[PDB]
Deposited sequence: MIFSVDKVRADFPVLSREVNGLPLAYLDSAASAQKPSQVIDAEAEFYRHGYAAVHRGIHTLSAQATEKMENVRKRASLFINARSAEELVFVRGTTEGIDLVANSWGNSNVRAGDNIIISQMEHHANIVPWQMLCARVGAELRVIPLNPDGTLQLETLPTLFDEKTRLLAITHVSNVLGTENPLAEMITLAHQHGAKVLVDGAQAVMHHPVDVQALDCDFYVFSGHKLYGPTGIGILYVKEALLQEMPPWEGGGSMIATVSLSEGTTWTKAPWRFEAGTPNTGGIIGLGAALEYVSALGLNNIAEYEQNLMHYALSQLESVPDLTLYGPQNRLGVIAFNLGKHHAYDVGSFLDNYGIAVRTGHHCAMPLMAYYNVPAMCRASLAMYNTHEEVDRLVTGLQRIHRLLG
């Protein structure tokens, strides 16, 4: 069983004070805090094993290359890829998606074709497809939202046709916490010969992810949101699709310039740390924390929530008519870190006819007590400003 107090003890930032008050870090969806096992694994590599990694002759370089390829293998097991060679080290989810849009998109999407995204996508899964469509004269189509923050699945027959080359879809919305029915959507897409890229940046820390079971063609996620270092992400490419991506041999073709070995070592340690805790244990604790928060938040007057009741990870909200920026500033003044703004999801904001929302993340190291501070803080803000 999960013990949040033991987990929290691994994270040295969580003891920090902010504005003289104990930090309540509810912004893990923007970036997660890192355990000392991750911090120290990277530091130890720099301290005792550092070298360049291009199968250099000498010992440190050869040992560092092997360390990096062992992390690649561990990442492929983490997402149940068939082969370690299907995994590409990228700088982040943003770059991984862009890499696919140029390497695969440029030679597989032609004039008169269409690409399907959704109205809940992060900008990182919108802009590369907008650019590709303008480059080649294709059409970008958008699955719309329901008020509850789920996709209007009934619109799929009007969007998928013989010229649909790609579906690019978020696994979990970074704003609403909606989890999309990927397996079923992928079956549909493949019936038309379309490939599927999954943006999984908000999925891989909340429960197991199996790309063989999903049968997705591309899958991308971010190291820094998986309790890992910045500057490193993972792009999964189904080995079959390398024949559609013209250029040495794969993974390494897509890793030009010096690898971020520091970040790779830390990412490996983060996968180990998460696996040692167990993703199903994490899921169970976070789901219970989420249910406690949504129940307590019922007692906040004039609170508006956006998204489905079964959200993962994040709670998007606005308080009365107060601007999200001001709600966020008051919460920060209490030592509570939430995120405000458009969350790199302006089409989603436009759908709800707001310019901005507040967002609280509830991660595996957050507590019922921190939820209580958020609830109390929102009540205080409402009294003081209403």
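Q: In sequence order, what intervals of the deposited sequence carry no C-alpha positions?
A: According to the deposited record, C-alpha coordinates are absent for 1, 249-267, which together make up the missing parts.
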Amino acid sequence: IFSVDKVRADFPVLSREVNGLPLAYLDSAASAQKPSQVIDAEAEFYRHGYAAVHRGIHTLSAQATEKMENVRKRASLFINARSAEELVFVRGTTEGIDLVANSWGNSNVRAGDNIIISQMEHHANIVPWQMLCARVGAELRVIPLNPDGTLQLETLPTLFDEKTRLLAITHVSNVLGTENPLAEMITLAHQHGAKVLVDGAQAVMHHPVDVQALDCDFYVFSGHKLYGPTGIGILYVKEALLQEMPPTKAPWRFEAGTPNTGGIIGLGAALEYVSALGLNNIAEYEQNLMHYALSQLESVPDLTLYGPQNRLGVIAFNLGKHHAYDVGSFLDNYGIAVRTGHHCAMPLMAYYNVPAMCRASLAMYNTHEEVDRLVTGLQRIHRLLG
From here on, numbers count along this sequence of modelled residues.
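Q: Which is higher in the entry, the mean Cα B factor of 236-244 or that of 153-161?
A: Per the deposited B-factors, the answer is 236-244.
Q: Which has the higher mean CA temperature factor in the PDB entry, 169-177 or 109-117?
A: Comparing 109-117 with 169-177, the higher average CA B-factor belongs to 109-117.
Q: Per the coordinate record, which of the options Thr261, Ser295, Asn125, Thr230 holds the highest CA temperature factor?
A: Most elevated C-alpha B-factor of the set, per the entry: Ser295.
Q: Going by the deposited entry, which of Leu271, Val204, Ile265, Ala256 has the highest CA temperature factor?
A: The record points to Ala256.
Q: If you rank every modelled residue in this chain by C-alpha B factor, which third holds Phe89: lowest, middle or highest?
A: Lowest third of the chain for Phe89's C-alpha B-factor.
Q: Is the Cα B-factor recorded for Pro308 in the lowest, middle or highest third of its chain?
A: According to the entry, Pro308 has a C-alpha B-factor in the chain's middle third.
Q: Based on the entry's values, in what third of the chain does the Cα temperature factor of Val53 lie: lowest, middle or highest?
A: As the PDB entry reports it, the C-alpha B-factor of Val53 lands in the highest third of its chain.
Q: In terms of the chain's CA B-factor thirds, is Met364 lowest, middle or highest?
A: Answer is middle: the recorded C-alpha B-factor places it there.
Q: Sorting by Cα B-factor within the chain, modelled residues only, which third would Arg339 end up in: lowest, middle or highest?
A: It falls in the bottom third of the chain.
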